[PDB]
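A.B. asks: The following block contains the structure, expressed as structure tokens.
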């Protein structure tokens, strides 16, 4: 419980708190989140350029806030999906036809965040256990191995879009020193 690096958010910057927690630490900032948000625009842009552009359609798409943030609060999941992808991570949905009932041990993962409509909740593994880190979370909220399977199940039954970050994360000392809990 000693070295839990949780970036305590005060404000609306949910992309910031979500990612600065998700990556096991502070790696992104508001403007930078808008910069990565822009990479969706240009990535989908190139994606369309790979096949699916008449002529004006290209511009008719670019005249859009494609991931581009204005309200620094209701960031859409794409910002965590891409921000990890640019770091060498993958992001799966936990409500996918298969992924929802394929039996992925949440406790086995390294990190996954959930989004209720527009609101983020960060779930990161530290040590042998997992911690909830929310926008207005006073910090780390403990979640036992089994209570994790409980957390996730409640999410899908409550209306949470959960997202399982897959890959190698920037491991912080928190994971090493979470062998001590309460």
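Using N, Cα and C of the backbone, Cβ positions are placed for all residues, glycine too.
Copied straight from Swiss-Prot:
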| type | residues | note |
| --- | --- | --- |
| ACT_SITE | 14 | active site, nucleophile |
| ACT_SITE | 119 | active site, proton acceptor |
| ACT_SITE | 134 | active site |
| CROSSLNK | 1 | ubiquitin cross-link |
| DOMAIN | 1-180 | domain 'Josephin' |
A.B. asks: Out of these recorded positions, 1, 14, which one has the fewest other C-beta atoms within 10 Å of its own C-beta?
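C.D. replies: Lowest Cβ count within 10 Å among the recorded positions (1, 14) is 1.
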A.B. asks: Among the active-site residues listed here (14, 119, 134), which has the Cα closest to the Cα of the residue listed as 'ubiquitin cross-link'?
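C.D. replies: That would be 134, nearest by Cα distance.
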A.B. asks: May I ask you to report the DSSP-based helix, strand or coil state of residue 14 (active site, nucleophile)?
C.D. replies: helix
A.B. asks: Under 8 Å between C-beta atoms and at least six apart in sequence, can you list the same-chain neighbours of residue 134 (active site), or say none if there are none?
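C.D. replies: Counting only residues 6 or more apart in sequence, the Cβ neighbours of residue 134 (active site) under 8 Å are 120, 121, 122, 141.
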A.B. asks: From the Cα of the residue listed as 'active site, nucleophile' across to the Cα of the residue listed as 'active site, proton acceptor', what is the distance in angstrom?
C.D. replies: 7
